[PDB]
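J.: Would you mind keeping the following structure in view while I ask a few things?
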Ligand code: ICS
Ligand code: ICS
Ligand code: CLF
Ligand code: CLF
Ligand SMILES: [Fe+3]
Ligand SMILES: [Fe+3]
């Protein structure tokens, strides 16, 4: 059933007549499938308002969540430090999943170990696991620091990370001076971003809490930048580039951009770049600390304000036009460096692109989802473009964040038909895009299944997905993109307007039917 | 009829039943249209091999050319110099078209003037037009230099540019010292790229020919870069960035990146940036001159080798992996600067992306078109990715260029099924993609019509267009992209692989039909 | 008439003839006779909407050219033109006519396109229209309009003078000089059809050669663009005794006035149907006004065009303009939106009741967009 | 047991049970009982191909979870599980059964999913299968396979023990343990159907609960993955007297040998049809070999799987080991090897392609091997100036 000259993979191989007949025989004979008319009825029902009411009355069932668990964020945070091995105290399956998830998004090796807690540890605890794991990890992978997080098993059993690490040090499993920062990252609290926050706070505390006597605020003439959970390499790069352009001394704490973007030159590099231990130890001497994603860096903020005594500025994520302007102005104020002509020109070029594309962007309706800071930044930028967000979904959002986003929407005439949903999953969003159809979705790869569903209702009901966020599995190298700053705004704007124009081209490609509007010039 | 809450534009307004009935009445009553079966038959015939044979026998008729006329390239070249007003000696219609074409591609204001030669000038020549035009242009727009090209009218009537400009200077219309370089740019010879070459050679000659006595090769420790006709701002930017990163002194010549990318800050800037007159005058003192697009810089190369005595290196366009390597190695050799670690890492990152995406890229069949250097670079990169270019079309190419591309194809196992076409237009290409269907087309916006045609034959016969080249009218801000160097190779690779993946997602989006292959992970 | 060496977007005679008058005729093939530039820059450049199968029975968005080389300039292009016509016949058998639009060199090298057109037309029994539209003629597209109209009159308009087989009705009208920008002519035509009239001919926009040939059989000539088609209208008024009048469908007020004026030239049944159409469309444009006038009332547009603006509460001036209506990128850089009454760049239709909604939405979108309020950096 | 702290890739019992065994079943809803992580990371992560209307009558690529919070950990999740089952019934009425795959906390907080499953199954007349596949159990996915197989045996397999309404034929086989990666099972099934057999049951890949229930009615059990389904296979041999055998459809040689071995378990008609099928496909796989063996002959792969590589003329050779043995394909930590400049592909098309099994899959396998091994990307690791 294959021609050697034109070999077909699963698609469209299984569309061949013999495969079709075989599948029909299987279904009719043994699958006891519901009749196609019944399936059609149920699908149509799932697209209705009544189904939406039933869906939104869910309190125990979650379908297609838009969030992950804390240790994933802890691993991502740990990977941003120099020669640091992420270490998850708990069961091995968790680490396998974390590594696979990050490999699929970044298409890079991702280093993480587990101490393989099994049923033996379920009763006696995981102290022996911690000792052996720390010893083996240090001996094998030679990290400069081991950052310890936890899986849900360790948290439920109640493993005392501090005591276990101290006992490992006391009994000679690891050197006493070897840095082993830790954080409790319970998967049943918050989400992956919470794990990032907890891990970062643990590392900062480890390196700074007991040596605050000799620290003077602003003595190193630098600004600390805490990116938070970030899966776009361009975001790290653009923040560094913008701060270098202004001549502002900075320390990007948890920089994983080098380790997640190693070159292919015939050598495997376990470690690359990252925030050095010296930078963390000297961090309290900075002028101030800026949190790029404040809505999931609350614990970090508490630590930095309470211990380092940094007057952390009240900044939104530097996304879109106004918030990037505010970020640059605040950096200017803190550092005393004027905003250079290059950044002013880049801003003007972003405004130029907005002016060029506003006719296509204006009034477009979007359903979006993702993490709180990312989502609110995207909403703000969409409002700046004259677009109308309708369905704003943040599964791991909270009431305070929702209040903030509602305030943002109320300030704009383009936020009138917008509602914010927290604690809702992608099945809720599927219902929403069926009942109140937007023009497009903005979200991660899981939204593709929603688009598929919408297309099944009809071509006129299809809601195309625009892939911005985490994770993106079905496209290549989008992790290299930027979403922050003027450059990120330009990239997002280009993606949006060209998605609109691409969709219009598809809808107007029909010869002698719709091609009267198949304009060469758009 | 319109509903105020969901106002429909032409599409889909005209799909309403009343409009359909009206159009049907118009067609049936008054248009004397051929029957639909006859139209279908003729279309199907146009999609056949016999039609292709008749199409390729064309000797007098050109349909849908893939090239423009010389003065367009002359204008683009002139726009790359500091405070320079492109001036086309001839009819005003030409300048209107040139400005519109560039406005639509770049979405920016484009400065160009005409001296409005009319029937009187058609009889007596355009000397008075030249005097008045030069005077008015200088008085009104206050340029530092006026670069003069010609429309076909001036070329046919045989206006002597040199004599006319000298008489304008002699008779006091312009100051004697005011720089007025000129070039004859006949629209009936070559193409727009030829116009670029002619204009650049004219400006270089004007600024350097009579002052070669005191010039010493390599006395300024710089390399001249001549980009040629370039419509991607990213290409200028990336060449400058790579040379600066390498610590290589360079002078970009005809740099129009600033003027084509002015910020929107409430003021109109007629001029911005550009190659200064001092840079042009000092160009013979450079170590060497590198031509980025040698296949349309023949006249410039002759002048630079013959007059400046620069040993212009044999470099291909720095596109893809191998040719970027060769370009960087040659620059290193000329300047004595080692290739820095940053460029090596960028190369390794490109190779990493290639390795990550090769499974999707390998064996894909492409029809492509555009300018000679761009096309050969794209072919080389496709061969490096394991893709097979099948239909290589260059309307403004020549036999020598074709020989070069055939040699490149013969060096690669992925060039086995490739044919190079010169002097063929997009109607020829339409026939080719019908008879020997590739997976994708790579070309400018005019290919969208070909895609439309292929879709009319059937969804299985549709050949999607990937918009790389000039001009791009139906998408926004693609002119900001990069095609040169490692950065351009990364951008092109990402575009190609994600186009493939988007198409696959489209063809596997059918619920319970093809969605078995609608994989989350690709 | 135009000062040499000044910037202007003013077009040539070829743009006025090929781009405006001849090019929108869907079932004819238009050859840009000369070098490659003009046809390429003009290809699909104007949004003259049509219905057809492009490349089979319709050819509007295609660029047909002789692609003159140096040998064509030196030795003339008449033999090339004859061979090209043969090739066109072979490869596009469903074309219903050919126009030859002269570019600049055609007028200067002494090519005789008229003789080639006559010979090939007689040989192939096809209408071949030679247009002497060389860009250097005149000062603007206006002479191009005139030349194109003269070509229409001389080669196409009189083709059915001796034919009496067309069944005529007293409500026969032709829409002339509507180029169907974004479907503007269609949005006009439906209203005329709803009024009881029969639009026998509509050109150039979505125009066929048969409709041009049938134009002398109508009772009234409704001219949208008087500047470009007054020549042909006057010719038809003299030769055939067909009255012509201008109609303005820009905004509800102008549309209503024009519909009433047109209906007044027919019997009482047409006037009654006109009143019915106005009544039917009143709530729609009233709703459009109710939605968009509060967003646009008091805004100043600087300058057919005026009607929709006053219908939306806008103020027209001839400044401190919110909008410029009479080169767009210069004003955009200066921070002022630029928009013509026709929706040339990306939108439409704007004419008629259906077009009024689109026009109002576009005005609100452009004038109230936040992009215009972000020109000043907060630190400057 | 894995050495603590050594960066292995082994999964857990939940991955073995939910990801491998239960998850591919299409007409059942599988609840990842516990915190959100496991279901999210495992969602649509395995290419176990199926035919159905996702979200209506099929649920494979969806992630159903109880999304445990702190309150659920402290006070237990049995009430939440019952409410979740009710909500599943309301919103997905065409589901034909529910599995409850326990994550780690379920086994540590003393939740009794068995009681909830029994009560709700009795109430709703639905098969609810409690699987105690908590990730910390055992040392690898293998115990997860065992637990999932035991759940199959205890809750689904015996459902039609007293039922005799299924019309049986002497040529009844069940495809056990084929997860239909890239349609591999389908590529296998078409051959078995062409041989005269009817595949009554095929699970878990493209599997339905009814097919599992019908499995005890077949004459032969053809097991693909022995490791993951040997428990259930031996159970059905012991209880229902159904013989079972392993089949290998990787490459023409293994496919032909397996087809002949399977046909040898039936009468003369099946053997004749087997010969006909082999004869029919011979020119196709011969053409594939003729095209691709010259491009792959002599290439060395490191480490069932062997057959196709040898059919393509490749040699299986099985840190400084890689530099010493100098393999072309690792063929056995994908991105690590890829960074070292060595391709890594398995015998199943896990990532993006396939099928690889059967005659149709052999063509795809050969093309992919040639594509990856001979790609110029592998020859560009060294900068020309380095
Ligand atoms: S023909 Fe004329 S410049 Fe009357 S040359 Fe020009 S499609 Fe203008 S103001 Mo382009 S006299 Fe038409 C015109 Fe008006 S091309 Fe169109 S918009 S109504
Ligand atoms: S079940 Fe097993 S690890 Fe036998 S857990 Fe694993 S789909 Fe592997 S070597 Mo992934 S014992 Fe299957 C397997 Fe083999 S998931 Fe697949 S490829 S044939
Ligand atoms: S005023 Fe008008 S557009 Fe100008 S040439 Fe003359 S008819 Fe044509 Fe043509 S090829 Fe290029 S664009 Fe000219 S220089 Fe000649
Ligand atoms: S070994 Fe396996 S995958 Fe690990 S938890 Fe246990 S069943 Fe599950 Fe789950 S939510 Fe995140 S990923 Fe874990 S820490 Fe818990
Ligand atoms: Fe990678
Ligand atoms: Fe612009």
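Quick note: numbers on chain B are straight from Swiss-Prot, i.e. 2-523, in order.
So how was this one determined? The header says electron microscopy, 2.0 Å.
Cβ from N, Cα, C; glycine included.
As annotated by Swiss-Prot, [8Fe-7S] cluster binding site applies to B:70, B:95, B:153, B:188.
On this model, are these features tucked inside or out on the surface, and what's nearby?
T.: Non-local contacts of residue B:95 ([8Fe-7S] cluster binding site) by the CB criterion (under 8 A, 6+ apart in sequence, same chain) comprise B:72, B:89, B:115, B:152, B:153.
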J.: Any idea what DSSP makes of residue B:70 ([8Fe-7S] cluster binding site), helix, strand or coil?
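T.: Its secondary structure by DSSP: coil.
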J.: Count the other Cβ atoms sitting within 10 Å of the Cβ of residue B:188 ([8Fe-7S] cluster binding site), across every protein chain shown.
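T.: Counting Cβ neighbours of residue B:188 ([8Fe-7S] cluster binding site) within 10 Å gives 32.
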J.: If one looks at the chain holding residue B:70 ([8Fe-7S] cluster binding site), which residues at least 6 apart in sequence have a CB under 8 angstroms from its CB?
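T.: Set apart from residue B:70 ([8Fe-7S] cluster binding site) by at least 6 residues yet with Cβ under 8 Å, we have B:153, B:188, B:192, B:193, B:196.
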J.: Can you see whether DSSP assigns residue B:188 ([8Fe-7S] cluster binding site) to helix, strand or coil?
T.: coil
J.: Measure the Cβ-based neighbour count of residue B:153 ([8Fe-7S] cluster binding site), defined as the other Cβ atoms within 10 Å of its Cβ.
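T.: Around residue B:153 ([8Fe-7S] cluster binding site), other Cβ atoms within 10 Å: 31.
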J.: Going by DSSP, give the three-state secondary structure for residue B:153 ([8Fe-7S] cluster binding site).
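T.: Once the DSSP labels are grouped into three classes, residue B:153 ([8Fe-7S] cluster binding site) ends up as helix.
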